[PDB]
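1. Once you've seen the sequence and the experimental structure below, I've got questions.
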Amino acid sequence: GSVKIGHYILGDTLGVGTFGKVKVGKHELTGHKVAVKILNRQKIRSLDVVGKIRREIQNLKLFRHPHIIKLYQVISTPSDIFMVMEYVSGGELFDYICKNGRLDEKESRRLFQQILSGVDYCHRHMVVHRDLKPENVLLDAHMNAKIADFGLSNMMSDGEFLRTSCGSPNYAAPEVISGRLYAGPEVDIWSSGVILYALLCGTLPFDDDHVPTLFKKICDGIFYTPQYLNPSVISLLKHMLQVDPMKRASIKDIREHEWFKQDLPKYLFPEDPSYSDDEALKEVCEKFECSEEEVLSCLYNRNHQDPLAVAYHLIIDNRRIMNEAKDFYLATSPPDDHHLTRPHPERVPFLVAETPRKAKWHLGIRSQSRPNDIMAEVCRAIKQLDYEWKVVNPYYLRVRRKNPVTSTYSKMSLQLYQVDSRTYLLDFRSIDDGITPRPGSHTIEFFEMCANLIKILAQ
Amino acid sequence: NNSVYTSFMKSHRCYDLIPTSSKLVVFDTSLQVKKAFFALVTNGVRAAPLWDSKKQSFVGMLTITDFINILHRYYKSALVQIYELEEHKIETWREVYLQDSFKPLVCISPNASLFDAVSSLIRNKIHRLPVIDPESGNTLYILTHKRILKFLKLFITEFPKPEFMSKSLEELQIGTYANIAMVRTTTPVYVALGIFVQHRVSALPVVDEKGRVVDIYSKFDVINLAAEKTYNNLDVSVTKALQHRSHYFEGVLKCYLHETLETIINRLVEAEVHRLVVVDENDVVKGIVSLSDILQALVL
Amino acid sequence: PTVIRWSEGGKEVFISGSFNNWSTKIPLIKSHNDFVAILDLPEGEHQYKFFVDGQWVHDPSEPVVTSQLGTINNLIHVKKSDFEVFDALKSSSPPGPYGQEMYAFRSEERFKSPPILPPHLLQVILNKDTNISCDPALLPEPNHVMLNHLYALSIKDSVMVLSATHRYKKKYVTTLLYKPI
Ligand SMILES: OC[C@H]1O[C@@H]2O[C@H]3[C@H](O)[C@@H](O)[C@@H](O[C@H]4[C@H](O)[C@@H](O)[C@@H](O[C@H]5[C@H](O)[C@@H](O)[C@@H](O[C@H]6[C@H](O)[C@@H](O)[C@@H](O[C@H]7[C@H](O)[C@@H](O)[C@@H](O[C@H]8[C@H](O)[C@@H](O)[C@@H](O[C@H]1[C@H](O)[C@H]2O)O[C@@H]8CO)O[C@@H]7CO)O[C@@H]6CO)O[C@@H]5CO)O[C@@H]4CO)O[C@@H]3CO
Ligand SMILES: Nc1ncnc2c1ncn2[C@@H]1O[C@H](COP(=O)(O)O)[C@@H](O)[C@H]1O
Ligand SMILES: Nc1ncnc2c1ncn2[C@@H]1O[C@H](COP(=O)(O)O)[C@@H](O)[C@H]1O
Ligand SMILES: Nc1ncnc2c1ncn2[C@@H]1O[C@H](COP(=O)(O)O)[C@@H](O)[C@H]1O
């Protein structure tokens, strides 16, 4: 007969995808359209990418954004996995770019804002989309922006970097093409930068037939900047496409740029109301039960006097006043011909004594000896204490001790890096317990644990 | 009166008071006292939680008052000795400090309400209240009278505030107008420390022959002695000690008795100081209104 | 109902079984690497075999058994209870399994050189100078990547000094510790 899932029957093919192909579903009764990602069990069983697909669905499930393809449900069977998604008519942006040639400022600015709000949403949710490209972003009937593929994505862990280098050849960041560790916001921002470029010039900023010459073209911060557009965009693109990841633009830096501000709807970043729900939704854990399903009606009907509503709205007002005089919650960077700085009353004595010296924090324990030789020399000291270790990769250890005063146990991780050819650096990282009082500090126990180890490595 | 300001504190946790990103320093009880005080000035912090390695828990708190106590307690002369405190250690000084009386560490969970914090400040008569997560046992932040007041006025809505705030300070009877602990401009810094130990006051506004406030000597101001390595000589006057900042401070922040409470709180949080010395046309001392007064006048 | 795939090449392909009359032929549909169809089958076990290019053959990919006639047929259990999501997949660290706690000695087989230090950790938050007007205890919002990592200060004294920037629910704190040697 014909394949169908639930009340949706499978139609024409949309595309090939990463793992398995995708087709259009059609509701037997109403006629609604949904995009399904079919991942065949036989194929996904072969590879160990079972975790690759797991993380994807896990993240996309709780994702709601107008420009992020919203994952409705995921049905699966011994034959094959299915993921139904919001279907859109416009197709991929690369079809829109090529067909329409080059896009003007009024248009390009519009779309870039939508996509950047998408990746911002992702970054704030601790999930990065590594493969970014016009071939990955769709358009609805209204020719808006929709970010589609998450198969190449990853989740951002606290105090953890990403080794895997994934995505298109031209859109890959200068640090990922070289195969270097990265945080993950900066790699999407660089991919966003070349998308912004393609949204204007109609051609790719870094393009070549022969490689690594393309990657060498990428490693160098050189790219054609035609007179096509004004310098405001060029200053943006240069700051966004900066080869040095430390000098690269942040999501915030793009929000504070001039060209970006112009004609920017306030429904993208959640300060003002919604046009076409936000992080302030997580007040429930303390007050009441989950509430995500229950109080939607309590805020949909515009009833602001409900016991759940009077607990919701005042939270968004709270966060707005936090930005007002933000010098209260966060510290400010140092201050043209502008002088006056009235010091905090508790800051008065030090600046004066300085002008009527040396405090410098090192990264970690540093020593210059051989990479296999040092870890072995460390692996001696780690034992000597009576603490214990399991080794993951030759230079990466996972260690722990038993608390002497209580039956509690604290752990940590040691990852060795190479600062240069002449020297190596050993990193120390804390950890966390799995997802009633305690007479001990998890933060201090970490320091004492390192301290004991360091004392033996030094003396 | 208690309809709004009192309810507001009960409706919010101490969690909200904690800055988005902040610094904290802690000292092991095995550390020497001399080194601990120098570490304070290099970090700018005026308080650090005391951790015990043996007990594996936070035993207490260390503020500038401890530097004052030990300075007045062990002292002979500006030249002759310096001997007692230099070879002294935190746990050793804690021993002679607890020789007289035993007071344990007080701390509040960030999940507890702001009302529970202000209570702990008045009930225990303490300026620094460290907030510690009971689940993890980690010290997150140190609560201060300054931090609460700023948070109060900044986040409180404008409908609740107008009740008793419109009344004059004189008529409200808030603060201590009875015995004003002060020092002269020529009075040695040691006798100033002597008043700091005799009373619980956080500052000593200095006065001239007339009894007019020409400067103020806070318990914070004494840490400068450690900052400049001048703590050796305690025979110098408070004016000579405050001479370090003499070209930098604008003046002495003060108020009047006839002024409204509304005007006081706003000026007090904007100045970011801990107290104001009320005066008259002659600028002679009348009384002092510390944050403690404002905070204690709210809870009840 | 249920569906079956066929991974071996063939020109004309049919599928039979015990559900349909023991002699029944169901026309299969084609794809690039596969050939499939769908039928409504009753609750229970089953015995089926494929008819390709004129010869009856079985798929080695699927399980196999011997029927009463002595032929080679496959096995499938049809149910309506499999909508599963996490059962299909069948610390919490990066998912690459290997060994366990409490023991080790020496080098692994692999000769990979150590990774280069990322520029992120080299940027320190305590060495950064804050504004003069703001509270001394405040610090800028740290990057999530440099949070758990330890930052030790050179021991220029008889006391060790080391800190780290640990995060709380919505807040961050950098805790410094002075511990004697
Ligand atoms: O026709 C039904 C049958 O079709 C399919 O079978 C194909 C098979 O997969 C191919 O391998 C090939 O079969 C050739 C075979 O390999 C050769 O060995 C030979 O067959 C000989 C047998 O070895 C031999 O055993 C004999 O069979 C006798 C049995 O011993 C005896 O029991 C009796 O069988 C009866 C059964 O007892 C009873 O259960 C019932 O059988 C049914 C089956 O249970 C059922 O699975 C199905 O069989 C399918 C099969 O699934 C397909 O794969 O239907 C059966 C109903 O008929 O009924 C049986 C009889 O009433 O029968 C004999 C007694 O003499 O037979 C030969 C001896 O020369 O030749 C085979 C080639 O033709 O091809 C077939 C399809 O053509
Ligand atoms: N939270 C606290 N727990 C225990 N003792 C404290 C605490 N806060 C202050 N102290 C003690 O009081 C003195 C500091 O007072 P103060 O400067 O007013 O906060 C020190 O000698 C401390 O021992
Ligand atoms: N110099 C002072 N002399 C006497 N009492 C004071 C002085 N300063 C403040 N107070 C009172 O002490 C309380 C505040 O204490 P503190 O926060 O430590 O300065 C308030 O009730 C004040 O009225
Ligand atoms: N009423 C005041 N007027 C002027 N300066 C003050 C006043 N109160 C405190 N300070 C200054 O602020 C510091 C102490 O602050 P605090 O510990 O909060 O009272 C010292 O450097 C004082 O000089």
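-> Thanks, I have the structure now. Numbers count the residues shown, from 1 in each chain, chains lettered A, B, ... in the order given. Ligands and ions are numbered 1, 2, ... in the order given.
2. hey, let's count contacts and neighbours off CA atoms from now on
-> Noted.
3. any idea which element residue B:19 lies in?
-> Assigned by DSSP states H and E, residue B:19 belongs to neither a helix nor a strand.
4. Quick check: closest non-adjacent residue to it.
-> residue A:329 (4.3 Å; CA to CA, 6 or more residues apart in numbering or on different chains).
5. who touches the one you found in this structure?
-> Going by CA atoms under 8 Å, 6 or more residues apart in numbering or on different chains, residue A:329 touches A:322, B:18, B:19, B:20, B:21, C:138.
6. Measure how buried the third one is and give me the count.
-> Look at residue B:19: counted by other CA atoms under 10 Å in any protein chain shown, it has 24 neighbours.
7. how far out from the middle of the chain is stretch A:366-378?
-> The chain centroid and the centroid of stretch A:366-378 are separated by 33 Å under CA atoms, centre = their mean, to the nearest Å.
8. go on, stretch C:138-149?
-> 29 Å.
9. circling back: now compare the contacts of residue A:329 and name the two farthest from each other.
-> By the measure CA to CA, A:322 and C:138 form the most distant pair in the contacts of residue A:329, at 14.6 Å.
10. out of those two, which sits in the more crowded spot?
-> residue C:138 (23 against 18).
11. Got phi/psi on that one?
-> phi -80, psi 150 (degrees, to the nearest 10).
12. The residue nearest to it when sequence neighbours are not counted: what's it in contact with?
-> Nearest non-adjacent residue to residue C:138, counting by CA to CA, 6+ apart: residue B:22, 4.3 Å away. Neighbouring residues of residue B:22 by CA under 8 Å, 6+ apart: A:330, B:141, C:137, C:138, C:139, C:140, C:172, C:173, C:174.
13. Make sure I have this right: residue B:22 is in a strand.
-> Yes. Remark: residue B:22 belongs to a strand, assigned using DSSP: H, G, I helix; E, B strand; the rest coil.
14. Now do residue A:160 against chain B, distance only.
-> Counting by CA to the nearest CA, to the nearest Å, the gap from residue A:160 to chain B is 20 Å.
15. domain parsing for chain C?
-> What automatic domain parsing lists as the domains of chain C is C:2-75, C:119-180.
16. sorry, back to before: now, which of the contacts of residue A:329 lie close to ligand 1?
-> Taking CA under 6 Å from any ligand atom as the test, ligand 1 is in contact with none of those.
17. Which one of the residues you listed is nearest to ligand 2?
-> Set against ligand 2, the nearest of those by CA to the nearest ligand atom is residue B:18 (16.2 Å).
18. what about residue A:323, neighbour count?
-> Residue A:323: 12 neighbours (other CA under 10 Å).
19. tell me the phi and psi of it?
-> phi -70, psi -40.
20. Pick out the residue of chain C closest to ligand 3.
-> For chain C, CA to the nearest ligand atom, closest residue to ligand 3: residue C:135, 18.8 Å.
21. ok, now how distant is the nearest residue to that residue once chain neighbours are set aside from residue B:273?
-> The shortest distance from residue C:135 to any non-neighbouring residue, by CA to CA, 6+ apart, is to residue A:344 (6.2 Å). Counting by CA to CA, to the nearest Å, the gap from residue A:344 to residue B:273 is 9 Å.
22. Also residue B:148?
-> Distance from residue B:148 to residue B:273, by CA to CA: 13 Å.
23. residues touching the residue lying closest to residue A:102 once chain neighbours are set aside, list them.
-> Leaving aside its sequence neighbours, residue A:102 sits nearest to residue A:202 (CA to CA, 6+ apart; 4.5 Å). Applying CA under 8 Å, 6+ apart, we find residue A:202 in contact with A:97, A:98, A:101, A:102, A:103.
24. What ranges does the stretch 201-300 of chain B have for its helices?
-> B:224-227, B:238-241, B:261-271, B:291-299 (DSSP state H, counting those that start in this stretch).
25. which other helices and strands contact the first one?
-> Here helix B:224-227 is seen to pack against helix A:348-354, helix B:33-43 when contacts are counted using 3 or more CA pairs under 8 Å, 6 or more residues apart in numbering or on different chains; DSSP states H and E.
26. out of the ones you listed, nearest to ligand 4?
-> helix A:348-354 (6.3 Å).
27. Check which helices and strands the closest one is in contact with.
-> Against helix A:348-354 (3+ CA pairs under 8 Å, 6+ apart) you get helix B:224-227.
28. Try it again at 7 Å.
-> Helix A:348-354 is packed against no helix or strand, with contacts defined by 3 or more CA pairs under 7 Å, 6 or more residues apart in numbering or on different chains; DSSP states H and E.
29. Pull out the buried positions in stretch A:3-12.
-> Neighbour counts over stretch A:3-12 (16 or more other CA atoms under 10 Å in any protein chain shown) mark A:8, A:9, A:10, A:11 as buried.
30. Which of those residues fall in strands?
-> A:8, A:9, A:10, A:11 (DSSP state E).
31. and which of these is nearest to ligand 2?
-> residue A:8 (64.1 Å).
32. hang on, that closest one packs against residue A:27?
-> Yes. Counting by CA atoms under 7 Å, residue A:8 does reach residue A:27; the two are 4.3 Å apart.
33. residues near the residue in the stretch 201-300 of chain B positioned nearest to ligand 3, how many?
-> Proximity of the stretch 201-300 of chain B to ligand 3 (CA to the nearest ligand atom) peaks at residue B:202, 3.7 Å away. Residue B:202 has 15 neighbouring residues, counting by other CA under 10 Å.
34. if I pick the closest residue to chain C within the stretch 201-300 of chain B, what's in contact with it?
-> Per CA to the nearest CA, residue B:272 is where the stretch 201-300 of chain B lies closest to chain C, at 9.4 Å. Counting by CA atoms under 7 Å, 6 or more residues apart in numbering or on different chains, residue B:272 makes contact with A:345, B:146.
35. now with 10 Å?
-> Taking CA atoms under 10 Å, 6 or more residues apart in numbering or on different chains as the contact definition, residue B:272 lies against A:344, A:345, A:346, B:146, B:147, B:149, B:150, B:266, C:135.
36. just to revisit the earlier point, from what I can see the residue of the stretch 201-300 of chain B closest to ligand 3 touches residue B:275, true?
-> Yes. Counting by CA atoms under 10 Å, residue B:275 is a contact partner of residue B:202 at 8.8 Å.
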